[PDB]
Amino acid sequence: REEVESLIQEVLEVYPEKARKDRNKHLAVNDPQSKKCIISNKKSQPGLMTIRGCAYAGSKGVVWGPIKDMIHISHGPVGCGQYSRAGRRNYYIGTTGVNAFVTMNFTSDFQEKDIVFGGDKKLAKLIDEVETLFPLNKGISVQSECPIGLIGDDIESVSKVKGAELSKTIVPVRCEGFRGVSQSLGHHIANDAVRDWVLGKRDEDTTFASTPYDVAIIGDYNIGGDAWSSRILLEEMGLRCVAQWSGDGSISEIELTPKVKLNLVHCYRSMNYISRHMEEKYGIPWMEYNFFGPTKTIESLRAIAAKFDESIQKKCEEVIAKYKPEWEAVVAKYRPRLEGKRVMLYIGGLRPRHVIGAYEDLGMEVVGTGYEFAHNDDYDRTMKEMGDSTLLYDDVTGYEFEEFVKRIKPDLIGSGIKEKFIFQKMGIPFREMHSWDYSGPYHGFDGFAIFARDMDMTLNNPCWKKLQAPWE
Amino acid sequence: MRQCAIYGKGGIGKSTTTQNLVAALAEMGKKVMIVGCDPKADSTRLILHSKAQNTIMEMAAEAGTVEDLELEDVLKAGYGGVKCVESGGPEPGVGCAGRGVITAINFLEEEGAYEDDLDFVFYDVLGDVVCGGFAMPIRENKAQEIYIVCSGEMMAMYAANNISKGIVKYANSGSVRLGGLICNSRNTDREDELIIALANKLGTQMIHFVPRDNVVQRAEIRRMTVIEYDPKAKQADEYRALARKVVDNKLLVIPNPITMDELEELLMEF
Amino acid sequence: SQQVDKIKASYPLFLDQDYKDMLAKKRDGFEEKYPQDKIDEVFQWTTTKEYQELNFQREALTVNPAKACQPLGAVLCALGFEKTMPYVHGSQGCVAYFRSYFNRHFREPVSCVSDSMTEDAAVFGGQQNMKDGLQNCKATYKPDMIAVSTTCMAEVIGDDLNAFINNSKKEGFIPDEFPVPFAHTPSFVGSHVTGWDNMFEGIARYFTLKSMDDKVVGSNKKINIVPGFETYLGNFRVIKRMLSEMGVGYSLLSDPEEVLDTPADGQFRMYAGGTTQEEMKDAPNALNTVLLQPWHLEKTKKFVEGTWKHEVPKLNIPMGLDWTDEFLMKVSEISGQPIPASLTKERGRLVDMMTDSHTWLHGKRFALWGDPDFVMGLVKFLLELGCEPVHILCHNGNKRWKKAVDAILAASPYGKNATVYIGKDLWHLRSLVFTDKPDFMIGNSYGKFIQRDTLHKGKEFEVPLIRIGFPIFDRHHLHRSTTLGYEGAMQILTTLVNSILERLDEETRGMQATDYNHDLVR
Amino acid sequence: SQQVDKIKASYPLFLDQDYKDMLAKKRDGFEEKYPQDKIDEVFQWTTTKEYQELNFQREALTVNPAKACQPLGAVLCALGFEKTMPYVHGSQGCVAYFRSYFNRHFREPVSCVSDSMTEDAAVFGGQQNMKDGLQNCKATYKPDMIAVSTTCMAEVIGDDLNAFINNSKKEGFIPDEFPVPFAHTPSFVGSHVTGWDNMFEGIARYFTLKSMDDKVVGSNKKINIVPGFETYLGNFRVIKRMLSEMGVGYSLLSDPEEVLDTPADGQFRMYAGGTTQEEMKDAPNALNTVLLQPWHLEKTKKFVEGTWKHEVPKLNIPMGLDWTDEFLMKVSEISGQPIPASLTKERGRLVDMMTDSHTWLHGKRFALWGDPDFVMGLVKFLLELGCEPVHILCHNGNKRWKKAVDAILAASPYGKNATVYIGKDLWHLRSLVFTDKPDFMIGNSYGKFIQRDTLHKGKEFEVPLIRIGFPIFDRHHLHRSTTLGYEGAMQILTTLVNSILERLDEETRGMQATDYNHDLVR
Ligand SMILES: Nc1ncnc2c1ncn2[C@@H]1O[C@H](COP(=O)(O)OP(=O)(O)O)[C@@H](O)[C@H]1O
Ligand code: ICS
Ligand code: CLF
Ligand code: CLF
Ligand SMILES: [Be+2]
Ligand SMILES: [Fe+3]
Ligand SMILES: [Fe+3]
Ligand SMILES: [Mg+2]
């Protein structure tokens, strides 16, 4: 414990005084009430290379983007959309340009005259042109950028008028980037957008035939097909998955969600708001599940079955028995190549604590973890999972992460793209934990095999033994 | 060339005072040009003898950019050869006018506008300086002389103090200075009670005072400047006096903004 | 299910029968998908000329643009100076996006900071953000220079960068002599190339404007080279190599080749190479200033001619054969050094490859897109090859550039079927390649989605993509290639001829149907 | 029928209805072709495993060999010397075939002459043929030296090259001092690389045997470099560049890069560059001789060790990372020059590329064929990358080479599924790729006919070909690439990773079927 504190102080001795006090409160030594240990969801210190994004990234790129039959307009200048087009691997099935629009970049392409004179007229004309050119679209969302929030364009009025005139749902999202301190407020704003404009459209409709085994997957964005790899298990247990939020998700599934019997929430940080709203309004119980690795998958499946009758529990036992030999074989094959290794993680708001069980299932220890934009409840949850005298960092900077890695010297680092090559040039294997290094899925029993194979091919790749020239 | 900026409370009579001032400096020998800084462009009406309806912003929108905006299409002459360029912006409640100020001033910098033989460029800014864009006239290499136009009424003096607070940062970061306090009237009890007091508390002076001459409103009705409508009146003589003070102004101290408590005490002090 | 012997990733795992049944049930039950026949009719309609006429009347909607915003180019230009920190005064999500974009293109660490303005900073200004960010950045990362750009938020609210930096220096946050060049880079005008130009003009102004009393032209016997927005490292390398083989003294301003190509030897080098401040200060003393990409170096050209009094040559980008010769001849005239035998030999080698591959290259129809100078150089080189550019697209192009490209096309009999489009995006190009099918496209990774659409119309309608441009995301290490000079000409030639040959081999691989033309020798 | 606006070549003109009907009538009426079902049955049988045991029982029939005969290598070695004419004592058809082969590979003229030995010369001998041929060659083409090889006819009849040349010199057909080296190159032993080795030994013996008295090892402070049979000019360039960057004096014996890459400038050059006779004569004075391809330079090694008394280092081909490091360290030890910082940086850059592309390269299965040294270097580099070689075929390999490659494979975990085949041909490889499917093939252009076969079994069974080796006939300007060094390793790594990504993109371009994995970023 003392060594970790000493390293924290040594790293902190480089920042100016105000920066030093501010950064002191976001680093802690884990002791398995996070508020008394670490504080989160605070403004980043200027000029320190934070990793966090903006509210637009957390709204358009995370929540609304994966919705496939909708058209999402990045309202403002061209940069945001361009940089966020197809950057996230929220998989889907559809015909792009006809009935699916996830990998497309729709934008208003603001000019100087748009800023000076307003863009509501251009927004209405853009909606008309979208309706003309993409007839099979089932909705429109308008994601605001920074100038839209600054100049006070009344996009809500335009959305209402055009939704009345062309009889389709237009969701205005006030996700201008300067709002908040990270993507968390973008998640929140997108969730109230769904609540106010989409969720309650079928509140007076009783045409849907509901079964006692109705569940809705909440907060799974289908990274590399992850949601699919989960859904099959839930369907092999006799449950009917009505909706997926929002990976490969449709506006119809979101509209149908208030009819389910149970809400299985994967990502708390991004969808807990809508989960609580649905519990309070429609009375649907919701709970968290974890499908990372076999042990957490089995525990989650049994917990899910326990909410239903005996037939579901019997089918759950059958599913566990069926998939047991596969994950046992994967363990027996890949564990000896991985036992004893150490991992340091820095992911956004949910994954730093969910992937720990899968790492443990291969005999690997996590010595450091942290979040980009998580709140205090996330740290409350992750304190139990993390080991004693480990390291926790909230909104870590480039210098702090580099120094922490230099002194701790982990065997593997799992984090985003902006430090992948940084840690690659320091000779430490690195595994993208956002895009799964363009691999996956990692959820479920099928994803566990891919996770293990990726871990082995990265940790044990010979290239890491060749960074020193034989003559030096 | 003396690039000056006319600031102050909204509606206190900036473009009026500014227009008759530049017209008095005109037909005195010097060459001046007015540059407005508020979307409801009428700061050159008196000199132009007509509202412009031809401002930098609308023409830029028509052509597409300021890159296609030729300079001769927005600069016009007037009474005493006074050049006038209105720059314009959106109708109220829509768009962003400060960005329009930024674009138009940058366009006047790029297209050779200020590099003529004129003496004073008089920028004239709205009363509600709500963003950094409207502070463009007091950036570096921009206007160097600020003349806060304010009256003896309390609210105008509070606005003058707020403007001084705002321009402190630009003054420290650059070389633009507070030339003096221009006093209009509302026929109050002040007229030295809280105008010289505020000026000396701001470390500055009141550079001449112009009272509530009824002639100015009826000259405004006539599209006119007072010296052009009644060239032999008392208001016109007062306006040559103001022009003379502007010619030989040398007090250019950095503003010292007094606090709210000081203003509240000063109200009762006089 | 997974077999431990052959683990399947998403492809081809999700092609198993269980996953197909799961997807079928989900789609049939809860997605409310349109009938497949309706989707086919709509897709067919999107490929028709009527849909192209509907698409080309767009005045407010942009779909799949081919450009980025100014601060990206500002950051790229800032990275070309030694121990320089790109500092984007504005919001953080932008710097996050800039870094992500550049890591995906270069597969390299990219260093850039933000002052992270919040709603309070938008309402009240970013002066305190300026001060705290400058102090924190200098203390933490220890640059010799901080190059300041802006995000749009800052531009809209009129944040005075000069005043904020001066106030920072005066209040002791950073030393007075520490160089902090700045440039206003509003994202709502222009594109990334404009941001590069504005940043370079800001840096040159900061280092040269006030100290021109002691400068005389031609005293250091060098030529200033301004590369512009360049994402091929081989371009910097080939310019430097050609100048060095020539014996010409030169100063490459904003050279990021080292920082973007650091070796993996166990340590992380945040700064590498770059133009030095001494070179920037001595730049006015050069014989002349050569702009490699003049069509997005307008403000720099105005500053250099007006201040440094350099008679900037009217040179096209040194791409292809003719323009590389005109660049070499102009440099020889300016410096007085003759063109060495090595350059003549390498030109003759390029001509040899041209005559070797002209038979396969002749008459081929290409669509292409990218930045203005790059696009016009590609057009010229294709014209020199006997190829037929058909759809020339530049989203960030202007009317003067379009007139120049029209003049370039009209001078060759291979440009009669060529139309130049400006302000049009990749959806327009999708319509164009559906209605007037070319043989190939030449452009960045975003064109792959066009290829897919064409393949959905049929194998015979497919238009293969050739990845030359920025950004390239789905291929590795293509950023190491070269496009300028004779070397870039040979690389481009080889890529084109081998793409044509690979397509021909693909169309003739069918046994007993088309293999009669599956020739060993091509 | 042809449309004058869109003229169709053989493909797809012969896919027209009239041509299809004509061919159907011809086949049905007069070809007596087997029924189609029988053809499919036979093809499926050839793709099976029983056919593989039948194929591997071959002892007399060779189908689709992967080697050529000795005089080809002899001509290539002769082309590496200054103003040297390759003179092949034998039949004209051999020379015509050699020139056609090398022109097709290099897309460059190749100079070779023959004495046109005929049945009368076969019966009575080629002495008069030799005299007239040497006279006519020297008169017409004015070579500084004539390097003599042989065709299989001449070797069978036992024509004495030494006696014939000496009699030609003694009877005045050529000057006595004119250098005429010779080497017996029997096509029925060895392959082209053996011919290269024999010809080099002949030239070295001619210039150094009788003048060894005045030679002292290390007096001229250089390193001799023997490249061997090499068909990538970039390999010559990279060796020269790497030695020059080290500050090491070198003597590249048999350097043909200039004559095989002559510029096109309106004139034809029969000779350009090459090793000089003074360089060959001074070779015994060098510190040491390094053989870049030791597994086909056995005779050269014997001569250099026994006559020049050079302690020739035991070095593998400078391919990949480890072997290029060793080559550099051995050169540094021999010459005393430290390895510079630039070579270290280039090595670190290669390491960066490997760690960038390791995710896609790992676990991929490759069949590969070619020459011994090239094949073994490829195997070593693939093992370094984490790839799995599966079928390693070397037609002209020997038992000791197979033992060395097996030892190399045994030292890595990634060589556990690798089998080395010597004396086998491309029909054997076709059986191997049908029965034990690799992800890709690495070889020359002939492998295209294998890929086609695999595609005839199905898209799921296709083994794409990567064209690395000799000869490449269906692509252009690939002979300009590099294989040795850190540059060649980088080129091969880029080619491999982009082949993988191109195949992955093709496999997932299907709309609504597999396009969910059509990721923009890979
Ligand atoms: N000295 C004066 N005498 C009479 N009326 C005046 C005088 N100065 C200004 N006014 C009147 O007050 C109004 C002030 O409006 P304006 O000049 O636009 O002020 P500002 O530019 O500060 O908004 C004018 O329309 C004018 O008629
Ligand atoms: S939504 Fe969030 S950064 Fe919960 S913004 Fe981010 S697809 Fe991360 S740790 Mo990218 S809070 Fe999802 C996330 Fe986690 S985009 Fe994905 S991987 S589980
Ligand atoms: S927080 Fe404005 S165009 Fe978009 S990249 Fe920025 S300069 Fe360029 Fe940033 S990403 Fe956008 S602008 Fe704001 S909402 Fe978030
Ligand atoms: S004229 Fe004609 S091509 Fe010549 S050998 Fe004679 S039949 Fe043949 Fe065959 S293998 Fe090589 S190329 Fe010769 S040396 Fe023997
Ligand atoms: Be006003
Ligand atoms: Fe890299
Ligand atoms: Fe050639
Ligand atoms: Mg006014």
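Residues numbered from 1 in each chain as written, not as in the entry; some residues may be left out. Chains lettered and ligands numbered in written order. Part of a larger assembly, values for the part shown. Heavy atoms only, no water. Residues with missing side-chain atoms left out of burial classes, pairs and counts.

- cryo-EM is the method the PDB entry states for this structure, with the resolution given as 2.40 Å.

### Concerning the environment of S412 of chain C
Thinking step 1. By secondary structure assignment, the location of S412 of chain C is in the loop between helix 18 (399–410) and strand 10 (419–422).
Thinking step 2. Taking the C-alpha atoms as reference points, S412 of chain C and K380 of chain C, separated by 32 residues in sequence, lie 9.4 Å from one another. (Helix = DSSP H or I, 4+ residues; strand = E, 2+ residues; numbered from the N terminus.)

### Considerations on the interface of chain A and chain B
Thinking step 1. Facing 7 residues of chain A, the contacting portion of chain B comprises 12 residues.
Thinking step 2. Three residues stand out in chain A for area buried against chain B, namely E112, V116 and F117 of chain A, and they jointly supply 64% of the buried area on that side.
Thinking step 3. Our count for the chain A to chain B interface comes out at 1 salt bridge.
Thinking step 4. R99 of chain B serves as the salt-bridge partner of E112 of chain A, at 2.9 Å between the closest nitrogen and oxygen.
Thinking step 5. Across the contact surface, chain A and chain B share 4 residue pairs in polar contact.
Thinking step 6. Grouping the amino acids of the side of chain A that touches chain B by side-chain chemistry returns 4 nonpolar, 1 polar and 2 charged. (Contact = heavy atoms within 4.5 Å. Buried area = accessible area lost by both parts, 1.4 Å probe. Salt bridge = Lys/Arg side-chain N within 4 Å of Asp/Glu carboxyl O. Polar contact = N/O pair within 3.5 Å; in protein donor to acceptor, adjacent residues only side chain to side chain. Nonpolar A, V, L, I, M, F, W, Y, C, P; charged D, E, K, R; others polar.)

### Focus on the side chain of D226 of chain A
All names here are of chain A.
Thinking step 1. Summarising the element assignment, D226 is placed in helix 10 (residues 226–236).
Thinking step 2. Here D226 occupies a buried position and makes no salt bridge, while the nearest side chain of opposite charge, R351, is found at 5.0 Å.
Thinking step 3. A distance of 3.4 Å separates polar atoms of two side chains, one belonging to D226 and the other to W436. (Buried < 20%, exposed > 50% of the residue type's maximum accessible area, 1.4 Å probe, protein only. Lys, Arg positive; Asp, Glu negative; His and termini not counted.)

### Here's the deal with the domain arrangement of chain C
When the parts come together, some accessible area is lost, and that loss is often what is quoted as the size of the interface.
Residues and elements named next belong to chain C.
Thinking step 1. When the domains of chain C are assigned, the result is domain 1 (69–214), domain 2 (215–319), domain 3 (320–363 + 484–522) and domain 4 (364–469).
Thinking step 2. For domain 3 and domain 4, the distance between their C-alpha centroids amounts to 19 Å.
Thinking step 3. Taken together, the 18 residues of domain 3 in the interface contact 24 residues of domain 4.
Thinking step 4. On the domain 3 side of the contact with domain 4, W323, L496 and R503 bury the most area, a combined 33% of that side's loss.
Thinking step 5. Where domain 3 touches domain 4, the interface holds 3 salt bridges.
Thinking step 6. The partner of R503 in a salt bridge is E462, and the shortest N-O contact between them spans 3.1 Å.
Thinking step 7. Seen at the junction of domain 3 and domain 4, the total is 8 residue pairs in polar contact.
Thinking step 8. Among the elements of the structure, helix 15 (322–335), helix 16 (341–361) and helix 21 (485–507) are those that each provide at least two residues to the side of domain 3 that touches domain 4.
Thinking step 9. At 9 residues, helix 21 tops the list of elements feeding residues into the side of domain 3 that touches domain 4. (Domains from an automatic or database assignment.)

### Considering a negative patch on the surface
All names here are of chain B.
Thinking step 1. Taken together, the side chains of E67, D68, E70, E72, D73, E109 and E110 present a region of like negative charge at the surface.
Thinking step 2. Turning to its location among the elements, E70 is positioned in the loop between helix 3 (56–63) and strand 3 (83–85).
Thinking step 3. The class of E70 is exposed, set by a relative accessible area of 55%. (Patch = residues over 30% accessible without salt bridge, like charges linked within 9 Å, V, L, I, M, F, W, Y side chains within 5 Å. Areas by Shrake-Rupley, 256 points an atom, 1.4 Å probe, with all protein chains shown as cover. Charge placed at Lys NZ, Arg CZ, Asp CG, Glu CD.)

### Focus on the site of ligand 4
Thinking step 1. Around ligand 4, a shell composed of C69, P71, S91, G93, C94, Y97, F98, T151, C152 and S187 of chain D is seen.
Thinking step 2. Among the residues forming the shell around ligand 4, the class breakdown is 6 nonpolar, 4 polar and no charged. (Near = heavy atom within 4 Å.)

### So, the coordination of the iron ion (ligand 7)
Thinking step 1. Ligation of the iron ion (ligand 7) by protein atoms is provided by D352 of chain C (OD), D356 of chain C (OD), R107 of chain D (O) and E108 of chain D (OE), these donors lying 2.2 to 2.5 Å from the ion.
Thinking step 2. Viewed at the metal, the 4 donor atoms of the iron ion (ligand 7) are separated by angles of 80 to 161°, and the geometry they form is square planar. Residue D352 of chain C and its partner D356 of chain C are located together in helix 16, separated by 4 residues, close to a single helical turn.
Thinking step 3. Residue class for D352 of chain C comes out buried when judged on its relative accessible area of 15%. (Donors = N, O, S within 2.8 Å, 3.2 Å for Na, K, Ca; no water. Tetrahedral: all angles 85-135°; square planar, octahedral: opposite > 155°, others 65-115°.)

### Some details on the site of ligand 1
Residues and elements named next belong to chain B.
Thinking step 1. Near ligand 1, the surroundings consist of 14 residues, among which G13, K14, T16, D213 and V216 are the closest.
Thinking step 2. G13 has a polar backbone atom sitting 2.8 Å from an oxygen atom of ligand 1.
Thinking step 3. In the model, a nitrogen atom of ligand 1 is placed 3.0 Å from a nitrogen or oxygen of the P211 main chain.
Thinking step 4. In isolation ligand 1 has 570 Å² of accessible area, and contact with the protein removes 79% of it.
Thinking step 5. Top contributing element to the shell around ligand 1 by residue count: helix 1 (residues 14–25), with 3 residues.

### So, the domain arrangement of chain A
All names here are of chain A.
Thinking step 1. As far as domains go, chain A holds domain 1 (1–54 + 337–471), domain 2 (55–197) and domain 3 (198–312).
Thinking step 2. In this structure, domain 1 and domain 3 have C-alpha centres spaced 30 Å apart.
Thinking step 3. Tallying the contact residues gives 28 residues for domain 1 and 26 residues for domain 3.
Thinking step 4. Of the roughly 2,200 Å² buried at the junction of domain 1 and domain 3 (both faces included), carbon and sulfur atoms supply 60%.

### Some details on the sheet that holds strand 6 (residues 288–291) of chain D
Residues and elements named next belong to chain D.
Thinking step 1. Sheet architecture is open: 3 strands sit in the order 5-4-6, paired in parallel fashion. Every other strand in the sheet has two partners, leaving strand 5 (250–252) and strand 6 as the edge strands with one partner each. The average undirected angle you get between the axes of adjacent strands in this sheet is 25°.
Thinking step 2. Relative to strand 5, helix 12 (residues 233–245) is tilted by about 170°, and along the sheet it contacts strand 4 (223–226) and strand 5.
Thinking step 3. Across the face of the sheet, helix 15 (residues 322–335) comes into contact with strand 4 and strand 6 while running at roughly 150° to strand 4. (Pairing = 2+ DSSP bridges. Axes fitted to C-alpha atoms, helices over the stretch in contact; angles between N-to-C directions.)

### Looking at the sheet that holds strand 2 (residues 71–75) of chain A
Thinking step 1. Taking strand neighbours across the sheet as the criterion, the 5 strands line up as 5(A)-4(A)-2(A)-3(A)-1(C) in an open arrangement whose pairing is mixed. One side of each edge strand has no neighbouring strand; the edge strands of this open sheet are strand 5 (170–173) of chain A together with strand 1 (62–63) of chain C.
Thinking step 2. Where strand 2 of chain A lies against strand 3 (residues 106–107) of chain A, 2 bridges are found, and the strand directions are parallel. Along strand 3 of chain A, the bridge assignment pairs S74 of chain A with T107 of chain A.

### Looking at the pattern of salt bridges
Residue and element names in this part refer to chain A.
Thinking step 1. If you walk through the whole model with that rule in mind, you get 128 salt bridges over all chains.
Thinking step 2. Put simply, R195 and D192 hold a salt bridge, and the shortest N to O gap is 2.8 Å. One end of the pair, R195, and the other, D192, are both in helix 9 (residues 183–197), 3 residues apart, so they sit about a helical turn from each other.
Thinking step 3. Judged by relative accessible area, which is 23%, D192 ranks as partly exposed.

### Quick look at a nonpolar patch on the surface
Residues and elements named next belong to chain B.
Thinking step 1. Taken together, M154, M155, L267 and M268 make up a surface patch of nonpolar side chains, about 430 Å² in accessible area.
Thinking step 2. Considering the arrangement of structural elements, one finds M268 in helix 10 (residues 260–269).
Thinking step 3. On the basis of relative accessible area, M268 is assigned to the exposed category, the value being 74%.

### Here we look at the UniProt feature "binding site: Fe(3+)" (unreviewed entry) in chain C
Thinking step 1. Annotation from UniProt places "binding site: Fe(3+)" (unreviewed entry) at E108, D352 and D356 of chain C. Taken along the chain, the residues just named run across 249 residues; in space they spread out, the farthest C-alpha pair reaching 37.0 Å.
Thinking step 2. Discounting residues that sit within four places of it in the chain, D352 of chain C has contacts with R107, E108, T262 and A264 of chain D.
Thinking step 3. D356 of chain C gets classed as partly exposed once you look at its relative accessible area, which sits at 22%.
Thinking step 4. For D356 of chain C, the residues in contact, after removing those within four places along its chain, are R107, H476 and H477 of chain D. (UniProt positions renumbered as here; feature names shortened; annotations may be inferred.)

### Describing helix 12 of chain D
Every α-helical turn comprises 3.6 residues, leaving residues that sit three or four positions apart pointing alike.
All names here are of chain D.
Thinking step 1. For helix 12, spanning 13 residues, the distance from its first C-alpha to its last is 18 Å, which sits close to the expected 18 Å at 1.5 Å a residue.
Thinking step 2. Buried residues along helix 12 sit against helix 6 (92–106), strand 4, strand 5, helix 15, helix 16 (341–361) and helix 21 (485–507).
Thinking step 3. In the segment just after helix 12, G247 is the residue with positive phi, at about 65°. (Expected span 1.5 Å × (residues − 1).)

### So, the packing of aromatic side chains
Thinking step 1. Under the counting rule described, the total for this entry stands at 59 aromatic pairs over all chains.
Thinking step 2. Centroid distance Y516 of chain C to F14 of chain D: 5.8 Å. Interplanar angle 70°. Geometry classified as edge-to-face. Here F14 of chain D lies in the loop between helix 1 (10–13) and helix 2 (17–31) and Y516 of chain C lies in the segment after helix 21, a pairing that spans two chains.
Thinking step 3. On the accessibility criterion, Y516 of chain C (35% relative accessible area) is partly exposed.
Thinking step 4. Centre to centre, the rings of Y101 of chain D and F473 of chain D are 5.3 Å apart; their planes meet at 80°, and the pair counts as edge-to-face. Here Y101 of chain D, found in helix 6, pairs with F473 of chain D, found in the loop between strand 11 (465–467) and helix 21; they are 372 residues apart in sequence, far enough to count as distant.
Thinking step 5. The structure contains a cluster of three or more aromatic residues connected by ring pairs, namely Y56 and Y83 of chain A together with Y97, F98, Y101, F102, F106, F229, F470 and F473 of chain C. (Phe/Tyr/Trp six-rings, centres within 6.5 Å; stacked < 30°, edge-to-face > 60°.)

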